[PDB]
Structures are given as structure tokens and as C-alpha cells.
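Asker: Got a file for you: coords22.txt, compact mmCIF, C-alpha atoms and all ligand atoms.
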```
# COMPACT_ATOMS: atom_id res chain seq x y z
CA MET A 1 0.00 0.00 0.00
CA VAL A 2 1.09 3.61 -0.21
CA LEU A 3 0.51 6.60 1.95
CA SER A 4 0.33 10.08 0.49
CA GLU A 5 2.71 12.74 1.70
CA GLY A 6 -0.24 14.38 3.49
CA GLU A 7 -0.87 11.13 5.45
CA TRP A 8 2.83 10.82 6.38
CA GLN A 9 2.72 14.39 7.54
CA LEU A 10 -0.13 13.76 9.96
CA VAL A 11 1.73 10.72 11.28
CA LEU A 12 5.02 12.54 11.78
CA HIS A 13 3.34 15.58 13.31
CA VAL A 14 1.80 13.56 16.19
CA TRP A 15 4.97 11.46 16.46
CA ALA A 16 7.03 14.60 17.10
CA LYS A 17 4.83 15.09 20.18
CA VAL A 18 5.36 11.48 21.32
CA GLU A 19 9.12 12.05 21.05
CA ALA A 20 8.99 14.75 23.73
CA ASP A 21 8.52 11.85 26.23
CA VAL A 22 9.55 8.54 24.77
CA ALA A 23 9.87 6.58 28.01
CA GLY A 24 6.46 7.77 29.27
CA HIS A 25 4.68 6.82 26.03
CA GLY A 26 6.55 3.50 25.86
CA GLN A 27 5.28 2.63 29.37
CA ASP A 28 1.67 3.67 28.75
CA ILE A 29 1.49 1.69 25.55
CA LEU A 30 2.93 -1.52 27.02
CA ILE A 31 0.71 -1.35 30.08
CA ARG A 32 -2.31 -0.77 27.90
CA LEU A 33 -1.37 -3.78 25.84
CA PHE A 34 -0.77 -6.07 28.91
CA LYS A 35 -3.95 -4.98 30.61
CA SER A 36 -6.03 -5.49 27.47
CA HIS A 37 -4.41 -8.61 26.19
CA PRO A 38 -2.69 -10.26 29.13
CA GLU A 39 -1.57 -13.25 27.11
CA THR A 40 0.99 -10.96 25.46
CA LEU A 41 2.87 -10.46 28.73
CA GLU A 42 3.83 -14.14 28.58
CA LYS A 43 6.15 -13.42 25.64
CA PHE A 44 8.33 -11.39 27.86
CA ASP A 45 10.44 -13.69 29.97
CA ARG A 46 11.81 -10.76 31.88
CA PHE A 47 8.55 -9.32 33.12
CA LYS A 48 6.14 -12.15 32.86
CA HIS A 49 5.90 -12.16 36.66
CA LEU A 50 4.51 -8.65 37.09
CA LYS A 51 1.02 -8.91 38.53
CA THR A 52 -0.35 -5.47 38.67
CA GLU A 53 -0.30 -2.20 36.86
CA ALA A 54 1.50 -0.69 39.82
CA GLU A 55 4.23 -3.27 39.56
CA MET A 56 4.37 -2.57 35.78
CA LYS A 57 4.70 1.12 36.33
CA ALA A 58 7.56 0.56 38.67
CA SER A 59 9.52 -1.85 36.59
CA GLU A 60 12.66 -0.17 35.16
CA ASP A 61 13.12 -3.01 32.73
CA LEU A 62 9.60 -2.55 31.32
CA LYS A 63 10.31 1.13 30.84
CA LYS A 64 13.65 0.36 29.15
CA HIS A 65 11.97 -1.94 26.66
CA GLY A 66 9.31 0.70 26.03
CA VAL A 67 12.07 3.11 24.97
CA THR A 68 13.71 0.37 22.90
CA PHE A 69 10.61 -0.57 20.97
CA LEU A 70 9.28 2.87 20.50
CA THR A 71 12.60 4.19 19.25
CA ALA A 72 12.72 1.46 16.61
CA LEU A 73 9.14 2.12 15.51
CA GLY A 74 9.93 5.85 15.28
CA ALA A 75 12.91 5.04 13.03
CA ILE A 76 10.66 3.03 10.75
CA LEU A 77 7.93 5.63 10.50
CA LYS A 78 10.39 8.36 9.66
CA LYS A 79 11.46 6.40 6.53
CA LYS A 80 7.96 7.05 5.14
CA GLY A 81 7.61 3.64 3.59
CA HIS A 82 11.23 3.12 2.54
CA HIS A 83 11.93 0.81 5.45
CA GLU A 84 13.07 -2.41 3.99
CA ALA A 85 16.48 -2.29 5.62
CA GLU A 86 15.11 -1.48 8.99
CA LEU A 87 12.52 -4.23 8.88
CA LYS A 88 14.85 -7.07 8.08
CA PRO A 89 16.62 -7.59 11.43
CA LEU A 90 13.36 -6.87 13.24
CA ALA A 91 11.41 -9.44 11.32
CA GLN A 92 14.11 -11.99 11.84
CA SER A 93 14.23 -11.62 15.64
CA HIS A 94 10.49 -11.43 16.10
CA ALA A 95 9.90 -14.42 13.85
CA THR A 96 12.69 -16.75 14.99
CA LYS A 97 13.64 -15.67 18.54
CA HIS A 98 10.64 -14.06 20.20
CA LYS A 99 7.91 -15.69 18.08
CA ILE A 100 5.45 -12.80 17.91
CA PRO A 101 2.31 -13.65 15.88
CA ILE A 102 0.87 -11.01 13.57
CA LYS A 103 -2.19 -10.89 15.85
CA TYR A 104 -0.02 -9.46 18.66
CA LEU A 105 1.31 -6.73 16.34
CA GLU A 106 -2.29 -5.87 15.68
CA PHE A 107 -2.92 -5.71 19.51
CA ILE A 108 -0.04 -3.38 20.10
CA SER A 109 -1.14 -1.16 17.12
CA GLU A 110 -4.46 -0.77 18.94
CA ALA A 111 -2.63 0.16 22.09
CA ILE A 112 -0.56 2.77 20.28
CA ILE A 113 -3.68 4.31 18.84
CA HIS A 114 -5.46 4.25 22.25
CA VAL A 115 -2.65 6.03 23.98
CA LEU A 116 -2.08 8.72 21.26
CA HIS A 117 -5.75 9.37 21.24
CA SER A 118 -5.70 9.88 25.06
CA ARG A 119 -2.61 11.99 25.29
CA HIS A 120 -2.79 14.03 22.04
CA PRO A 121 -6.50 14.55 21.20
CA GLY A 122 -5.78 17.85 19.45
CA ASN A 123 -3.23 16.34 17.07
CA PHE A 124 -5.01 13.06 16.68
CA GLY A 125 -8.36 13.77 15.13
CA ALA A 126 -10.01 11.37 12.76
CA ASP A 127 -7.79 12.03 9.76
CA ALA A 128 -4.59 11.79 11.80
CA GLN A 129 -5.77 8.50 13.31
CA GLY A 130 -6.70 7.15 9.86
CA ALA A 131 -3.23 8.02 8.72
CA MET A 132 -1.52 6.39 11.77
CA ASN A 133 -3.64 3.33 11.31
CA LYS A 134 -2.56 3.17 7.62
CA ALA A 135 1.07 3.51 8.53
CA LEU A 136 0.81 0.67 11.09
CA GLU A 137 -1.14 -1.54 8.70
CA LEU A 138 1.66 -0.90 6.19
CA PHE A 139 4.21 -1.89 8.85
CA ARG A 140 2.30 -5.11 9.65
CA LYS A 141 1.81 -6.08 5.99
CA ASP A 142 5.52 -5.73 5.24
CA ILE A 143 6.53 -7.58 8.41
CA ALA A 144 4.05 -10.34 7.60
CA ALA A 145 5.56 -10.78 4.10
CA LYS A 146 9.03 -10.91 5.62
CA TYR A 147 7.80 -13.47 8.18
CA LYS A 148 6.68 -15.71 5.26
CA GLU A 149 10.06 -15.42 3.57
CA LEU A 150 11.71 -16.36 6.86
CA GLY A 151 9.61 -19.50 7.39
CA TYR A 152 7.45 -18.30 10.22
CA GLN A 153 3.75 -18.21 10.97
CA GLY A 154 3.32 -18.36 7.28
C1 LIG A 201 5.47 -1.75 17.03
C2 LIG A 201 5.97 -3.09 16.96
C3 LIG A 201 7.16 -3.43 17.59
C4 LIG A 201 8.44 -2.99 17.45
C5 LIG A 201 8.94 -1.80 16.60
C6 LIG A 201 9.31 -3.84 18.29
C7 LIG A 201 10.68 -3.62 18.48
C8 LIG A 201 11.51 -4.40 19.28
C9 LIG A 201 12.95 -4.13 19.39
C10 LIG A 201 13.74 -3.00 18.71
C11 LIG A 201 13.49 -5.07 20.27
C12 LIG A 201 15.00 -5.34 20.56
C13 LIG A 201 15.81 -6.01 19.46
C14 LIG A 201 15.22 -7.33 18.99
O1 LIG A 201 15.13 -8.28 19.80
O2 LIG A 201 14.71 -7.38 17.84
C15 LIG A 201 12.32 -5.93 20.67
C16 LIG A 201 12.49 -7.02 21.51
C17 LIG A 201 11.45 -7.78 21.96
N1 LIG A 201 10.22 -7.58 21.53
FE1 LIG A 201 9.38 -6.42 20.02
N2 LIG A 201 8.59 -4.80 18.87
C18 LIG A 201 7.34 -4.64 18.46
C19 LIG A 201 6.25 -5.43 18.82
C20 LIG A 201 6.38 -6.49 19.81
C21 LIG A 201 5.24 -7.19 20.39
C22 LIG A 201 3.75 -6.94 19.95
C23 LIG A 201 5.72 -8.15 21.22
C24 LIG A 201 5.01 -9.15 22.16
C25 LIG A 201 3.61 -9.42 22.42
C26 LIG A 201 7.15 -7.99 21.18
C27 LIG A 201 8.04 -8.74 21.93
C28 LIG A 201 9.39 -8.54 22.14
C29 LIG A 201 10.25 -9.34 23.01
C30 LIG A 201 9.71 -10.56 23.78
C31 LIG A 201 11.47 -8.92 22.90
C32 LIG A 201 12.65 -9.21 23.80
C33 LIG A 201 12.64 -8.20 24.97
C34 LIG A 201 13.71 -8.49 26.02
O3 LIG A 201 13.87 -9.67 26.32
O4 LIG A 201 14.66 -7.72 26.10
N3 LIG A 201 7.57 -6.94 20.30
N4 LIG A 201 11.09 -5.58 20.07
```
Output the file's structure as C-alpha cells, nothing else.
Answerer:
Amino acid sequence: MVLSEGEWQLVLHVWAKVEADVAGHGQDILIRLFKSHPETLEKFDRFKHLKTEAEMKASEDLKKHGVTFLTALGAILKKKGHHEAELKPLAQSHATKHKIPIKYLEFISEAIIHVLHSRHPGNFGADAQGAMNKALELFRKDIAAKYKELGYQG
């Protein structure tokens, strides 16, 4: 699929706001994901044990991963679609080492959209959400094709 420059603009305009606090958005998003879809916390051998949202908020490791994953996503979105190089090592490690099904990438895309909507209502109206959703669907479709080339999930 292909986004128009206008759509990339809306995505990078609200992302510039997220970047003012990467560790805070990374936490919110992961907690939203784990509270909504608790089965996803099982994939993390380092935090699996956390039982509550308070314990999640206080975990430094969880916050460190939030910064790690969000930074990578930000580096992919900034490419505006030209992200083949970036995707390769990510698809390999999520398909062979972590084993993250496409369905989970859809769950975290819903978490990203829930948090941006909460924190940035003004910069995340309907058109800006439609664009963000398109950019994440583009990210999932390319990762899913790479997963098939790599022998995973199919
Ligand atoms: C927006 C999509 C996502 C991005 C950009 C992303 C990015 C990353 C990055 C950069 C790392 C570190 C390097 C590596 O191992 O590849 C990582 C590790 C990891 N990611 Fe993902 N990720 C995404 C979605 C997910 C989801 C949905 C899950 C699980 C339900 C997941 C599970 C993990 C796990 C288990 C590790 C290892 C963490 C630790 O042991 O240090 N990722 N991810």
C-alpha cells in the first residue's frame, strides 16, 4: 500500500509530540497492551511475573523496553515507507527468537492508537488516526511478508 505525503505528515506531526517523552509513552502503551491482552505479557520472559499495573509502572526493565521498541518504531515511521532495511533484522528476531504472531502486532497497534488518542486529542483527530492506522497496517503487511520469507507463521 502507499501513503500520500499528506498522510505521512499527519503521522510525523503527532509522532514529534510522542518524542517529547519517549519513556512515558513506551510505558503507557505496554501497560495498555498487557492490561487489554494479558496473554501478550507471557512473551516477555523478563517481566512475565509482574502482577499489577502498579508493579508494571515501577519496573525499570519494562520502561527500558518501552524506549527500545518505541525508538525502533519511530525510526521506521520516519522512513515514510522506505523501510526495507530497517525491517529485516526486526522481522528476523520477532519471527525466529521471540515468536510474535501477527495478531499481537495488531494488539499493540491498537494500544498505540489508544494512547495517542488519550494523550494528544488535538493532534489526533479522525484524519490523523486514519493516517496512523494506515502507517501501522503498512508496517504489519511488510513484516508479515518478511515473516513468510523467513519460514514463520506463514
Ligand atoms: C510496534 C511493533 C514493535 C516494534 C517496533 C518492536 C521492536 C523491538 C525491538 C527493537 C526489540 C529489541 C531487538 C530485537 O530483539 O529485535 C524488541 C524485543 C522484543 N520484543 Fe518487540 N517490537 C514490536 C512489537 C512487539 C510485540 C507486539 C511483542 C510481544 C507481544 C514484542 C516482543 C518482544 C520481546 C519478547 C522482545 C525481547 C525483549 C527483552 O527480552 O529484552 N515486540 N522488540
Asker: Just to confirm, what's the straight-line distance from atom CA of residue A:46 to atom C21 of ligand LIG 201 (chain A) in Å (one decimal)?
Answerer: 13.7 Å
Asker: Residues within 9 Å of ligand LIG 201 (chain A) should be enumerated using all atoms listed in the file and returned as an NGL selection string.
Answerer: :A and (30 or 33-34 or 37 or 39-47 or 61-62 or 64-76 or 87 or 89-94 or 97-109 or 112 or 136 or 139-140)
Asker: Dump as a tab-separated table the rows for residues of stretch 82-149 of chain A within 8 Å of stretch 11-21 of chain A: closest atom pair and distance in Å with one decimal, all atoms listed in the file counted, ordered by chain and rising residue number.
Answerer:
```
residue	atom	partner	partner_atom	distance
A:116	CA	A:18	CA	7.9
A:120	CA	A:14	CA	7.5
A:123	CA	A:14	CA	5.8
A:124	CA	A:14	CA	6.8
A:128	CA	A:11	CA	6.4
A:131	CA	A:11	CA	6.2
A:132	CA	A:11	CA	5.4
A:135	CA	A:11	CA	7.7
```
Asker: Please indicate the distance in Å from atom CA of residue A:6 to atom CA of residue A:22, rounded to one decimal place.
Answerer: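 So the answer is 24.1 Å.
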Asker: When you count only C-alpha atoms, which of these residues is closest to residue A:1: A:38, A:121, A:81, A:154?
Answerer: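 Of the candidates, the smallest distance to residue A:1 is held by A:81.
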Asker: Counting only C-alpha atoms, I want the residues whose atoms come within 9 Å of (4.1, 0.8, 32.9) in the file frame, returned as a compact mmCIF listing (two decimals) with C-alpha atoms, keeping the file's coordinate frame.
Answerer:
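out.txt was written with the following content:
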```
# COMPACT_ATOMS: atom_id res chain seq x y z
CA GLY A 24 6.46 7.77 29.27
CA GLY A 26 6.55 3.50 25.86
CA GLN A 27 5.28 2.63 29.37
CA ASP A 28 1.67 3.67 28.75
CA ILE A 29 1.49 1.69 25.55
CA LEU A 30 2.93 -1.52 27.02
CA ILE A 31 0.71 -1.35 30.08
CA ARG A 32 -2.31 -0.77 27.90
CA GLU A 53 -0.30 -2.20 36.86
CA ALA A 54 1.50 -0.69 39.82
CA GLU A 55 4.23 -3.27 39.56
CA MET A 56 4.37 -2.57 35.78
CA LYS A 57 4.70 1.12 36.33
CA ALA A 58 7.56 0.56 38.67
CA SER A 59 9.52 -1.85 36.59
CA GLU A 60 12.66 -0.17 35.16
CA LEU A 62 9.60 -2.55 31.32
CA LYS A 63 10.31 1.13 30.84
CA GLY A 66 9.31 0.70 26.03
```
Asker: At what distance in Å, to one decimal, does atom CA of residue A:137 lie from atom CA of residue A:84?
Answerer: 15.0 Å
Asker: Take every atom of stretch 14-30 of chain A listed in the file, fit an axis-aligned box around them, add 6 Å per side, and give the centre and edge lengths in Å to one decimal as AutoDock Vina command-line options.
Answerer:
```
--center_x 5.7 --center_y 6.8 --center_z 22.8 --size_x 20.4 --size_y 28.6 --size_z 25.2
```
Asker: Looking at A:146, A:117, A:23, A:3, which one is nearest to residue A:77, with distances taken over only C-alpha atoms?
Answerer: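 Of all the options, A:3 lies closest to residue A:77.
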Asker: Restricting the calculation to only C-alpha atoms, which member of A:25, A:134, A:86, A:49 is positioned closest to residue A:4?
Answerer: A:134
